[PDB]
Amino acid sequence: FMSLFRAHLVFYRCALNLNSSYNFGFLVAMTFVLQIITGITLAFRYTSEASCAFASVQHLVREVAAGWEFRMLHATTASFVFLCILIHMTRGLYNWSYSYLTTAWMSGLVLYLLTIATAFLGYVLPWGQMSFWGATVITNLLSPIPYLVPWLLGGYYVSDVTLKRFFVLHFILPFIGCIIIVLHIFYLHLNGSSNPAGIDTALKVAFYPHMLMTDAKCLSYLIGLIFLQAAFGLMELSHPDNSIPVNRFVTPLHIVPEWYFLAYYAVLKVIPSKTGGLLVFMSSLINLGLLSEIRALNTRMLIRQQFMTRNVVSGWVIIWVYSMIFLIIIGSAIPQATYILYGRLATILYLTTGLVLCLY
Amino acid sequence: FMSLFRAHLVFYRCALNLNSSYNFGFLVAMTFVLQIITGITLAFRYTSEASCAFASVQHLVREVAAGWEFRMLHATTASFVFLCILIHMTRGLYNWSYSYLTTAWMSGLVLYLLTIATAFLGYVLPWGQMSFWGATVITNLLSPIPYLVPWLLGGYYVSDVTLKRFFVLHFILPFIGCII
Amino acid sequence: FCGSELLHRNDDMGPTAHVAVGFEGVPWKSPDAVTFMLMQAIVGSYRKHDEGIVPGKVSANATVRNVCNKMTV
Amino acid sequence: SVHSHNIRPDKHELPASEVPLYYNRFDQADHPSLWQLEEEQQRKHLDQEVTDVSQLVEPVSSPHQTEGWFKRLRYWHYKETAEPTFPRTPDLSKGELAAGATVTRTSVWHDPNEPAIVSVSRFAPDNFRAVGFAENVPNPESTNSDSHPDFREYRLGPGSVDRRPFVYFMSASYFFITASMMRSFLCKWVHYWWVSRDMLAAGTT
Amino acid sequence: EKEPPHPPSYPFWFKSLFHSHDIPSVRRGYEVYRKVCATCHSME
Amino acid sequence: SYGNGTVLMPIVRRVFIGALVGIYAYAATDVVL
Amino acid sequence: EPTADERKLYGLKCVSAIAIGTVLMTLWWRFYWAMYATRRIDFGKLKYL
Amino acid sequence: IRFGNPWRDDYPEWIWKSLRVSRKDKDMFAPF
Amino acid sequence: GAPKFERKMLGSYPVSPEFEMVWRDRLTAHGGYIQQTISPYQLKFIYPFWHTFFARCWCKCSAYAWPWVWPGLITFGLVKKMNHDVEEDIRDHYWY
Amino acid sequence: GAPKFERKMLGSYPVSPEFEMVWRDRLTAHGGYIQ
Amino acid sequence: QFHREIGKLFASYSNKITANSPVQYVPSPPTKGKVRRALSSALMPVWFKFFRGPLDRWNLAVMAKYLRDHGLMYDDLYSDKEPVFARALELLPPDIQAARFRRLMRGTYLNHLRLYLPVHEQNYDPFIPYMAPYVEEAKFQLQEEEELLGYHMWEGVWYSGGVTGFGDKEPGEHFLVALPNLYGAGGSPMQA
Amino acid sequence: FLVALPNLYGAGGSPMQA
Amino acid sequence: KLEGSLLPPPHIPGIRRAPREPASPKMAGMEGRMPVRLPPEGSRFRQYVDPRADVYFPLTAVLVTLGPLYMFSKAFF
Ligand SMILES: CCCCCCCCCCCCCCCCCC(=O)OC[C@H](COP(=O)([O-])OCC(O)COP(=O)([O-])OC[C@@H](COC(=O)CCCCCCCCCCCCCCCCC)OC(=O)CCCCCCCCCCCCCCCCC)OC(=O)CCCCCCCCCCCCCCCCC
Ligand SMILES: CCCCCCCCCCCCCCCCCC(=O)OC[C@H](COP(=O)([O-])OCC(O)COP(=O)([O-])OC[C@@H](COC(=O)CCCCCCCCCCCCCCCCC)OC(=O)CCCCCCCCCCCCCCCCC)OC(=O)CCCCCCCCCCCCCCCCC
Ligand SMILES: CCCCCCCCCCCCCCCCCC(=O)OC[C@H](COP(=O)([O-])OCC(O)COP(=O)([O-])OC[C@@H](COC(=O)CCCCCCCCCCCCCCCCC)OC(=O)CCCCCCCCCCCCCCCCC)OC(=O)CCCCCCCCCCCCCCCCC
Ligand SMILES: CCCCCCCCCCCCCCCCCC(=O)OC[C@H](COP(=O)([O-])OCC(O)COP(=O)([O-])OC[C@@H](COC(=O)CCCCCCCCCCCCCCCCC)OC(=O)CCCCCCCCCCCCCCCCC)OC(=O)CCCCCCCCCCCCCCCCC
Ligand SMILES: CCCCCCCCCCCCCCCCCC(=O)OC[C@H](COP(=O)([O-])OCC[N+](C)(C)C)OC(=O)CCCCCCCCCCCCCCCCC
Ligand code: HEM
Ligand code: HEM
Ligand code: HEM
Ligand code: HEM
Ligand SMILES: [Mg+2]
């Protein structure tokens with residue numbers, strides 16, 4: 001396999017005008033590696049038994065040498081997984097990368113859904129108040145689908161049997177993801193990568209050493225920022241209620257999931273209908289997938305350069321980004337008629353921008 | 001990968017005088033598959049906590065639908081893994097297969113050691129008398145090697161911490177075997 | 001001595017490329033000049049259309065042997 | 001390749017033989033060798049000296065073209081719309097282009113005072129060139145601009161100090177820092193594997 | 001309901017990157033727990 | 001088109017479009033009409 | 001969390017070391033960036049040496 | 001205003017001058 | 001990779017496996033060129049970055065102004081107007 | 001596979017990937033046969 | 001014979017199209033309806049003056065300044081991964097192909113440095129359509145091939161000869177035909 | 001093994017046909 | 001003399017020349033800006049264009065899009 005290693009990581013030729021916007025695929029991969037290493041290590045001392053799960057995490061931190069380091073690194077790195085993915089996806093929408101890298105885009109979307117499901121499974125394991133009540137709610141939005149809920153839990157409620165099986169699934173899915181990363185890379189190197197200017201060019205150079213040293217430089221920043229946040233606690237990435245034991249007969253005063261799920265949780269909150277809110281979920285994913293066939297939606301021949309430079313009409317991806325930020329604020333607020341009004345305003349922009357990306 | 005599938009499982013040419021002595025490599029592979037399927041299924045309801053491990057196996061058999069089938073299939077198939085391997089190795093020694101299939105023989109020996117270690121880890125999990133006292137003894141024969149014992153257990157005796165880590169290793173090693 | 005490259009790319013002059021590489025050497029009167037003469041002979045030379053009676057694949061010169069056996073052609 | 005073309009009929013994007021989008025004025029040479037004379041007798045804008053953005057040449061193309069709801073970009077050239085059985089005949093007197101289906105399925109190439117074999121020899125794509133070709137299209141002499149620096153400004157020449165010792169002390173320092181980071185992470189993993197603080201105390205009695 | 005008010009920022013020594021706990025004050029707070037709070041609250 | 005084996009993506013395109021036309025038509029009849 | 005002091009003292013040693021290595025890797029990257037950023041390519045004829 | 005404006009953008013004259021500065025054959029760190 | 005009419009090779013030696021991706025993207029140098037490169041051991045490699053700093057910074061910041069900053073200021077303003085109407089709506093319903 | 005002096009092919013058509021193992025064990029039918 | 005009845009319906013609709021097909025060029029009918037072409041003309045003097053007009057003019061200024069900063073033409077922005085444009089590039093004469101090669105090299109270098117060209121190197125019109133004659137001939141060649149050879153969904157042998165069997169001709173371009181060999185040194189399809 | 005799988009794309013080839 | 005970026009073509013036997021538009025008058029509001037052409041003389045677009053509106057476009061664009069949405073949202077949502 002060493003001829004494959006040198007063909008794809010040493011002698012592979014790349015355009016000279018690459019920059020840091022093309023380095024975040026490597027960073028995501030490295031976050032998976034770090035999670036697998038720290039995750040397996042945590043598994044040696046975790047207990048899936050509901051009556052003792054919450055206690056096994058605390059005892060791990062308070063009694064075991066270096067136990068605090070593996071617990072806090074696993075929690076912090078999870079946040080960096082989703083930040084890197086977000087920047088990774090936004091580059092593609094800025095450069096219309098899916099125009100000719102079609103199966104790379106689709107394979108990526110599957111990886112995104114796999115990572116969402118993995119993170120949701122992991123957040124239930126510590127078995128605090130937010131673990132229990134967040135799983136109860138998010139698993140009810142899927143109630144319109146018949147009998148899709150009572151079986152995944154194996155009971156009449158998020159009981160102790162659900163926790164045992166969420167542990168096994170959480171263990172397994174990341175390694176399946178590693179298989180799909182191989183397909184992702186297959187579809188990319190089939191066509192070759194694009195560049196920031198959106199042109200064909202013969203001014204290319206080998207990956208090693210020029211481009212390999214840019215990936216290495218970015219890795220340093222990632223490791224330093226993870227350890228900075230992990231060891232000092234500068235930002236508030238976790239909710240305090242998950243430091244409280246589960247109580248099935250007392251709901252917390254404010255239920256909100258992790259930040260990387262907040263925006264779409266707000267969209268589903270401002271739509272009163274429960275069935276209409278789930279249809280909105282499918283339409284959004286369908287729109288992202290349809291971009292793989294953007295060449296065929298109009299007979300005019302497209303170009304990769306979108307001309308956002310010095311342009312006062314901006315671009316649709318930029319307008320989406322600010323609508324997402326606006327909704328993260330709404331999702332973190334107490335329900336109030338005024339918040340609901342503006343939340344619906346932003347939801348329209350959040351959805352319309354996706355649809356018009358298929359037009360040109 | 002379909003050209004590899006047809007090249008090695010459809011058009012691959014073999015001598016006409018093969019017989020059943022050359023069929024036990026396939027059978028071993030199929031036993032691994034069956035163990036992975038039944039093993040993962042058992043893991044959905046097993047508890048590594050020493051104070052409740054023994055009880056979780058019994059409750060699995062006595063209360064859960066079809067729980068007896070997955071428990072007894074996993075235990076029986078393990079015995080057939082070692083019987084097939086034994087017949088598989090004996091054919092090689094009868095025909096001096098290692099004469100020219102050198103790296104096939106060595107790679108096989110590594111697979112044999114991996115399967116031995118996996119089975120030993122699995123037998124401690126139900127946490128009965130033989131689980132505890134068999135691990136205590138077999139882990140003392142390795143006492144001549146310095147400090148090779150107190151760390152694998154993480155304690156002064158086959159305690160509750162050893163059981164948690166034997167579960168993770170037992171989970172992982174079979175998939176490494178599939179690579180080899 | 002400047003370490004640098006000067007290359008003329010031309011795809012309209014046949015399938016054969018020509019290249020030369022150089023190191024800084026020593027002057028006539030150097031106490032090490034004789035050794036440079038010898039090092040030149042250890043690397044030696046080779047022509048595909050004029051090997052002689054010793055086939056290049058079995059030459060004693062290691063450089064010739066490695067070049068002639070590359071990709072079996 | 002794994003990419004298909006999208007040549008199909010379309011009711012909103014009419015065929016280029018009817019709506020060209022690009023500026024539809026072209027000159028026509030009897031033999032393409034004549035373009036070499038045009039390239040030496042016409043003047044080029046890039047040979048004049050201008051100093052302010054306001055003095056740059058104005059394009060002959062119009063900005064008003066593509067229209068529609070949520071259509072962000074407003075100027076295009078080419079399309080893959082299918083051509084019909086009987087396309088529109090180009091008007092050569094107005095400078096219109098004749099190429100492809102508009103040569104094969106029209107009588108645009110007939111000339112009363114010439115044999116057909118001679119007339120149609122002038123309708124290959126190399127025979128047409130858009131107005132403004134010689135005055136505008138650049139042909140660079142280098143990738144580098146004389147207004148920008150290159151290695152002549154930055155090269156270390158005679159009298160310079162050797163850099164090898166510094167380059168390898170840079171790389172060695174990175175590695176003894178990265179080696180220490182790895183050794184510490186492994187030692188912490190081994191500690192985690194060893195007995196905990198609650199069990200070490202129970203053994204003391 | 002409404003959002004509760006944000007509490008003020010008191011200058012606790014430990015809030016700095018470079019600072020440790022103030023042990024003399026930790027000792028006195030343990031007397032307060034033992035003689036006042038422990039009558040109704042557990043720390044299991 | 002003729003000469004390539006990209007044969008599933010054209011099917012995915014027609015299913016996705018159809019699905020979108022049905023979602024936004026089922027919502028209008030419930031809110032507007 | 002009684003492990004707060006151990007956590008913070010280890011972080012100072014680590015974040016400072018990593019930062020220094022980040023500077024060194026920046027220099028090593030720009031070392032290779034300059035050979036292609038200062039490169040000259042001429043079409044037709046050679047201009048300058 | 002030239003900055004950010006597609007109708008006027010160009011470098012001011014003090015940036016074109018900085019690109020013309022020359023330090024050929026100088027090395028202040030040579031003693032190191 | 002490259003188009004078929006560009007991938008065609010002039011030589012006949014076989015493509016080695018470590019070079020499979022190189023030759024999948026072969027491109028003909030139409031017209032030719034002359035290349036000059038200096039060894040990195042004989043170049044100043046940090047000063048060039050700062051020598052061109054002002055020009056590079058102008059180009060980048062000018063490109064991003066309209067498309068990113070102008071929508072950001074509008075989003076910031078909407079965030080303030082929203083928070084000003086929430087407070088007034090709480091007092092028109094709960095305060096006496 | 002077979003020895004080099006047996007693997008040598010008489011034809012020139014390229015070996016297809018699904019047949020890689022077949023031609024790694026080519027053997028000449030010395031003397032011929034009727035089946 | 002249920003297949004012969006369906007074939008009769010297809011045939012009736014087919015003969016109707018032919019009997020109503022003209023034998024010379026006829027302008028296409030207006031797309032938009034009369035109700036839509038009346039509102040637009042009534043609101044045009046106000047919509048065009050203050051919105052659509054300045055939108056068109058800003059667009060062309062943004063495009064022209066970006067291209068000129070890099071020394072590029074508009075037609076340089078099209079990719080050789082389009083089958084039509086790839087065929088057009090094969091038909092070019094040497095002089096036009098050489099100038100495009102050079103502009104693309106120079107523009108990648110300028111985008112890498114992020115340094116503008118001087119104003120006196122930007123004095124040219126970037127919107128000259130130098131590819132048009134070759135694009136229209138390419139479209140004609142590929143429309144013939146599709147109508148004469150690609151009018152039916154043909155069957156084939158599956159996973160044989162390096163291809164999947166569903167239409168691909170160049171080998172090893174889909175995952176289920178990846179990794180053609182386990183031993184050996186491989187080879188290039190261009191050296192068969 | 002460390003030189004197994006020479007190519008990811010293409011149709012491969014035989015060393016006996018070089 | 002001629003509109004746009006064209007110059008008088010030289011007379012070369014064998015090259016048929018397309019007709020070229022002559023230069024047209026300018027309007028107020030383009031001083032100091034990079035030139036972009038106006039619609040042709042005989043055209044409805046020329047009767048309605050005014051380069052002075054380019055300066056106000058950054059605001060007009062925000063109002064036609066976000067304006068209606070804000071008023072519709074403040075009335076029914
Ligand atoms: C000394 C005293 C103290 C002071 C000193 C300082 C002290 C502190 C310590 C020292 C700090 C400095 C040390 C030296 C640093 C040297 C290195 C350096 O300069 O680095 C810059 C350098 C820039 O890269 P480059 O190659 O030079 O140029 C790339 C081009 O810019 C790419 O451009 P392109 O044209 O090639 O590509 C097009 C497009 C392609 O797209 C992309 O590349 C991807 C998308 C880019 C945009 C990102 C935003 C979208 C994502 C949103 C995320 C939302 C989060 C959700 C949570 C919200 C919570 C509320 O990208 C863009 O458009 C990029 C431009 C974006 C401009 C954004 C403008 C914002 C305007 C804001 C207006 C606000 C208005 C309201 C104001 C109100 C108040 C008045 O980046 C690096 O080297 C990266 C190193 C680190 C790797 C990442 C690891 C950490 C991951 C987390 C952070 C993620 C963001 C990281 C940046 C990403 C950039 C793409
Ligand atoms: C290798 C060298 C290195 C060393 C050795 C390495 C050794 C390891 C390597 C592996 C060795 C073992 C062999 C593994 C073989 C694996 C199979 C394989 O290779 O197949 C490739 C094969 C491609 O073969 P090919 O030869 O490249 O080309 C085939 C044709 O000849 C030509 O076709 P084409 O080119 O025209 O188009 C092909 C296109 C065709 O594209 C499609 O047909 C679309 C496929 C993706 C659809 C979903 C994406 C999102 C779309 C929007 C949302 C839609 C929602 C549904 C509603 C739709 C409207 C009704 O396919 C792709 O784009 C590829 C995508 C990659 C899929 C891989 C997934 C494998 C199965 C595992 C799935 C696990 C999912 C976990 C995450 C979810 C957990 C909840 O892929 C397939 O065709 C299978 C597609 C399977 C799709 C599964 C989608 C599951 C998720 C659906 C969405 C559910 C959302 C629910 C949300 C609920 C919220 C509460
Ligand atoms: C805020 C945090 C970020 C960092 C600080 C801010 C960033 C700038 C810091 C200053 C560094 C640059 C100094 C000027 C350039 C030096 C190189 C050079 O060519 O200069 C001469 C050159 C002209 O000379 P020439 O005669 O033409 O050519 C001579 C050479 O042969 C030309 O040959 P060459 O071009 O091939 O290169 C010569 C080579 C040779 O250079 C040498 O002379 C060799 C020096 C060997 C040592 C290398 C540095 C290692 C330091 C590591 C830390 C200490 C470790 C020891 C233990 C510490 C224990 C506490 O240069 C180097 O290798 C440069 C070494 C210095 C690297 C930068 C180190 C900064 C951080 C230091 C502390 C560590 C980080 C904190 C963590 C620790 C504490 C918690 O002039 C310039 O390049 C122009 C100078 C103007 C540029 C400076 C602009 C500064 C203001 C902008 C930044 C403002 C703040 C950030 C704003 C953005 C965020 C809001
Ligand atoms: C009793 C109360 C009833 C209330 C309900 C409403 C009742 C309204 C009755 C009105 C009756 C009188 C007016 C009738 C007009 C009829 C027009 C017509 O049918 O077309 C004729 C005619 C059709 O002929 P055509 O041949 O099709 O021509 C089409 C054009 O070619 C088009 O193409 P073009 O190339 O010429 O144009 C360029 C094109 C392309 O331009 C571009 O792409 C450029 C874009 C640049 C954008 C740059 C933005 C940068 C700044 C970003 C700022 C940050 C944002 C992000 C941050 C967010 C943070 C959260 O521009 C556009 O696409 C324009 C976009 C307009 C968007 C407006 C959408 C408003 C939606 C309001 C909500 C509706 C409900 C939603 C759902 C609710 C839940 C169920 O069209 C025209 O001649 C043009 C007329 C255009 C008029 C547009 C504005 C109409 C406004 C009406 C009043 C609305 C009031 C609402 C509030 C009321 C409160 C009480
Ligand atoms: C068996 C491997 C080691 C494991 C045990 C040791 C602990 C491991 C932790 C690191 C220890 C330090 C490394 C050893 C020193 C190496 C020195 C050496 O011989 O190098 C030769 C040289 C030394 O530097 P040099 O090139 O200047 O030396 C030239 C030769 N001299 C000086 C002798 C004339 O290094 C290289 O060739 C560098 C190659 C490029 C690699 C760049 C490194 C950055 C990494 C970026 C990618 C991210 C990696 C993470 C992947 C994760 C995947 C899941
Ligand atoms: C992309 C990969 C992964 C992601 C995104 C992820 C995410 C998470 C998250 C968010 C938590 C909850 C942290 C908390 O709030 O306490 C968690 C916990 C956990 N994860 Fe992971 N994980 C990944 C991989 C793995 C793997 C591969 C394993 C084991 C093989 C693992 C084992 C565990 C365990 C045992 C816990 C419980 C301990 C705890 O909650 O701190 N994880 N994971
Ligand atoms: C585990 C998750 C992922 C990993 C490990 C990963 C990895 C990579 C890597 C290493 C690259 C090449 C380097 C780079 O461009 O950054 C890349 C490119 C790419 N990725 Fe990802 N990716 C992931 C998720 C995604 C997602 C979610 C998408 C889109 C929805 C996506 C779409 C793309 C595209 C289109 C490219 C090519 C960009 C271009 O060349 O223009 N990937 N990916
Ligand atoms: C998981 C364990 C193993 C699996 C799945 C496996 C699989 C196979 C298979 C499928 C074959 C070809 C069919 C056959 O001859 O039966 C084979 C052949 C062979 N195996 Fe195993 N094997 C395993 C363990 C071993 C062991 C333990 C040895 C020796 C210590 C070994 C040595 C050999 C040899 C020498 C051959 C070639 C026999 C011949 O052609 O004469 N294998 N193996
Ligand atoms: C070659 C593969 C395997 C072998 C030889 C093996 C062997 C064994 C043995 C001998 C036992 C003890 C049975 C008893 O006396 O009760 C056991 C138990 C167990 N194994 Fe496996 N195992 C294999 C694979 C796996 C895998 C892949 C998993 C999970 C991913 C797994 C999960 C379990 C569990 C949860 C138990 C405890 C339940 C019980 O003791 O009945 N096993 N295994
Ligand atoms: Mg199209």
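Below, all heavy atoms of this structure are taken into account, side chains as well, without hydrogens, waters or symmetry copies. Each chain gets a letter, A, B and so on, in the order its sequence line appears, and its residues count up from 1. Whatever order the structure lists ligands and atoms in, that order sets their numbers, starting from 1.
Taking a distance limit of 4.0 Å, we find that atom 39 (C) of ligand 9 is approached by no protein heavy atom.
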Tabulating one pair per line, provide the atom names and distances (0.1 Å) for every N/O atom of ligand 2 that is less than 3.5 Å from a protein N/O atom.
| from | atom 1 | to | atom 2 | distance (Å) |
| --- | --- | --- | --- | --- |
| ligand 2 | 26 (O) | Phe175(K) | N | 3.3 |
| ligand 2 | 26 (O) | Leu176(K) | N | 3.2 |
| ligand 2 | 27 (O) | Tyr187(A) | OH | 3.1 |
| ligand 2 | 27 (O) | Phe175(K) | N | 3.1 |
| ligand 2 | 36 (O) | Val7(F) | N | 3.3 |
| ligand 2 | 36 (O) | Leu8(F) | N | 3.0 |
| ligand 2 | 36 (O) | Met9(F) | N | 3.2 |

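One finds no salt bridge joining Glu80(D) and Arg300(A) here, because no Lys/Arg side-chain nitrogen approaches an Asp/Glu carboxylate oxygen to under 4.0 Å.
Looking only at heavy atoms of the protein, atom 8 (C) of ligand 9 is closest to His74(B) NE2, 3.6 Å. Of the protein's non-hydrogen atoms, the one nearest atom 2 (C) of ligand 9 is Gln35(B) CB, 3.7 Å. Atom 36 (C) of ligand 9 has as its closest protein heavy atom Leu125(B) CD1, 3.8 Å.
The shortest N or O to N or O distance between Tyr123(B) and ligand 9 is not under 3.5 Å. Between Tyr46(B) and ligand 9, no N or O atom pair is found at a separation short of 3.5 Å. The N/O atoms of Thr118(B), backbone and side chain alike, include none that comes under 3.5 Å of an N/O atom in ligand 9.
Using a 4.5 Å heavy-atom threshold, the side chains of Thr38(B) and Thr41(B) count as separate. In this structure, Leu101(A) and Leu188(A) have side chains that are in contact, with non-hydrogen atoms separated by less than 4.5 Å.
Under a cut-off of 6.0 angstrom, the local environment of OH in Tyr46(B) is crowded, with over 12 non-hydrogen atoms contributed by other residues, nucleotides or ligands. Atom OH of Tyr264(A) sits in a crowded spot, with more than 12 heavy atoms from other residues, nucleotides or ligands closer than 6.0 Å. Atom CZ of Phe70(B) has 12 or fewer neighbouring heavy atoms from other residues, nucleotides or ligands inside a 6.0 Å radius.
Those atoms of ligand 9 with a heavy atom of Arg71(B) less than 4.0 angstrom away are 14 (C), 16 (O), 41 (O).
When you scan the N, O or S atoms of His170(B) for the one nearest atom 21 (Fe) of ligand 9, you land on NE2.
Less than 2.8 Å away from the Mg ion (ligand 10), the protein contributes these N/O/S atoms: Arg295(A) O, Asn298(A) O, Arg300(A) O, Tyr360(A) OH.
The heavy atom nearest to atom 27 (C) of ligand 9, out of those in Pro174(B), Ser56(B), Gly39(B), is found in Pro174(B).
Ring planes of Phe1(A) and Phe1(L): perpendicular class, angle over 60° (limits at 30 and 60°).
Within the structure, ligand 9 has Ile40(B) among the residues with a heavy atom less than 4.0 angstrom away.
The OG1 atom of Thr115(A) sits 11.0 Å away from the OH atom of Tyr260(A) when rounded to the nearest 0.5 Å.
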